[PDB]
Structure formats: structure tokens, C-alpha cells
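A single chain comes next, written as C-alpha cells; it is the form deposited in one PDB entry.
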């Protein structure tokens, strides 16, 4: 198989970078601040313009002290170490990274089309062919990531950006981890957690395949398979072993989803002897040309409205706050390898 060999060469390049990560590849003054694109508890994402090239980028700025307070040191180090080492068509690229007295900076490619989340909510739901086009890209991305011993752990429409060709660009490697055995961290988004995560069990890459079932259901239905007003209520629905499907779902889609949203780990698609091939060879994907999807040769169902290289209409507005850089170095030892 040429997929097996593509993956062999992809692991060769990844391991060299994983072992000798790039550090300090730019500095703040090389960038001009334009607008806040997003905010989080320990950081924010800014639209910025690179002075030397005129290129626009999405600069993620993390407050080191807030990362330390939230016990996300190791997760942040994983995120940067992984991002600088990976290379795949459906992943947002890390262009530069650096740190100063106060913050960590990850300069990513800017995807002006916004999150799938906004388009999905506005439209209501995607047709089966539209959902299939997006899902196929996640299938190939997880096959790529998992082959590098990486678990992604944060699949959701909020983390899937739509590029100018209408293809997905996966963002947020905050929970990504290189692990060969099982792992135990309680992390992810309530609607998307596999039962083994909720039940505090050791888990592996099968949680990403469960999250794919949640994503495909949400794209095709317009709502998640398990939802409620509070997370505990969502968890009780996830572990119950029951899923209801809208009447408009095709028999092939329901069959695929029963195999992905499988509470039993020995029966979950992507986790069996055939691995990812049980998904790729499923009836719902019969129409999918996996190589054409990878090559970006398939016509996209939706092309976002292009109104300039640095336009921001596909993103909400946020209060424009100061980027403070202290005169004293904060948390130096904790982020030494960043």
C-alpha cells in the first residue's frame, strides 16, 4: 500500500523534528497587531501582519502565569512540540514560535473563512454528501496523527476552520499528546467525550474515533447526539448506551454511527484489527475517492466569502485589550524548552 509508504516517510520527517524542535524563530516586533480573533482563559488569538512579508497570520498569545495556574504547562509544551513537527494538508500550520518575559507565542496560518461551527449553526445542518466531504478529511487527518502515536482529543466544529478552497484546517492542539500506551487525563468537550474518558478509565486513540461519530452526527443532524443544559446530564446520556437518529439519516449513515458511537472498545470502528480501513471501506464512504480528497481535487460543497487577505467578518468581535510584557521574566524554568 502507497498509504503505508506515504505514512513511513511522514513518520521519518516528524521524528527528526520531534527530536530537535525549532525554537525562537521570530520576535514580537516583526508583527503588526490588527485585531483579536478569539479569547480563552489563559490566552487569545490575534490577527497580525508580518512586516517583512506582508503575510497575515493568527498569532496565539498565551499568558505563562495563567497557563501555570490552570496546570496546562505540559499540555502547552505538547501543543508546540507537536505542531512544529507535523505536516498534513488538513492541519493549520505553525509558522513561527517564540516567548518573552510574560507570554508564549504561536504564529499560525490565518484561515479567514472561520470555523465550521458558525457555518453549521447558521445553515442548520449539512447534507449527507456535504458532511461526508468534511468527515473524509478528519478520517485522513486521524489516520496521519495516530500513525505518529498522537492522540488529538479536541475534535468539534469550533476547531475546524474552512479555507479558501472549502477544505478543513484543524486547529487547537492544546490537548494533543504523543503517547504509545494508554493515557488518563480528563480533557475535551462534554458533547464529544467518549464513555471511557467520563468513567475515569485509561484510554487510547479510540476516543478520537468516538469524537468523529459525534462530529458526523452533529454535521448531518444540526445538533449533537448527546445534549442537555448541564455537562453531568450530557455524561449520563453518553454512558447510557443509547443513541437516537433523525428519520432523515440514511441507513448507511446510521450503521456507520452505531459503529463509531460504540460504548464497547472491542467493537468500535477505527479500534479493530483492520484499523481505519473499517471506516474507509464502510458503505457510507463508497462514493469517496480518498486520494482525490487528500490531493484537494474534489470540488468543495461551500466556498467562504472572500473579502480581502486580512478581512474578519467570519469571526465575532472581542474587546481589544493590552498585550503586557513584564520587565521581569515569568515562569522561565517551566517553559524552558518552548
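Residue numbers count along the first chain shown, from 1. Take the two forms, find the largest set of C-alpha atoms that superpose within 1.5 Å, and that set is the rigid core.
Q: On mean Cα temperature factor in this entry, is 148 to 156 or 199 to 207 the higher one?
A: Per the PDB record, 199 to 207.
Q: Going by the average Cα B-factor in the PDB entry, point out whether 167 to 175 or 259 to 267 comes out higher.
A: Higher of the two, by average CA B-factor, is 259 to 267.
Q: If you compare 62, 28, 70, 276, which has the highest Cα B-factor in the entry?
A: Of 62, 28, 70, 276, 276 has the highest C-alpha B-factor.
Q: Among the candidates 35, 305, 66, 49, give the one with the maximum CA B-factor reported in the record.
A: Most elevated C-alpha B-factor of the set, per the entry: 305.
Q: Quick check for you: using the entry's CA B-factors within this chain, is residue 236 in the lowest, middle or highest third?
A: Highest third, going by the recorded CA B-factors of the chain.
Q: Using only modelled residues of the chain, where does the Cα B factor of residue 137 rank: lowest third, middle third or highest third?
A: For residue 137, the deposited C-alpha B-factor lands in the middle third.
Q: Select lowest, middle or highest to describe the third in which the CA B-factor of residue 143 falls within its chain in this entry.
A: According to the entry, residue 143 has a C-alpha B-factor in the chain's middle third.
Q: State the tercile, meaning the lowest, middle or highest third, of residue 125 with respect to the CA B-factors recorded for its chain.
A: It belongs to the middle third of the chain when residues are ordered by C-alpha B-factor.
Q: Looking at the entry's B-factor column for C-alpha atoms only, identify whether residue 106 ranks in the lowest, middle or highest third of its chain.
A: Residue 106: CA B-factor falls in the lowest third of its chain.
Here the subject shifts to the form deposited in another entry, a form of this protein not shown in this document.
Q: Overlay on the rigid core first, then point out the one of 231, 166, 246, 222 whose CA is displaced 2 Å or more between this form and the one not shown.
A: It is 231; the other listed residues stay below 2 Å.
Q: Return yes or no for residue 200: a CA shift of at least 2 Å between this form and the one not shown, with the rigid core superposed?
A: Moves: yes, 2 Å or greater.
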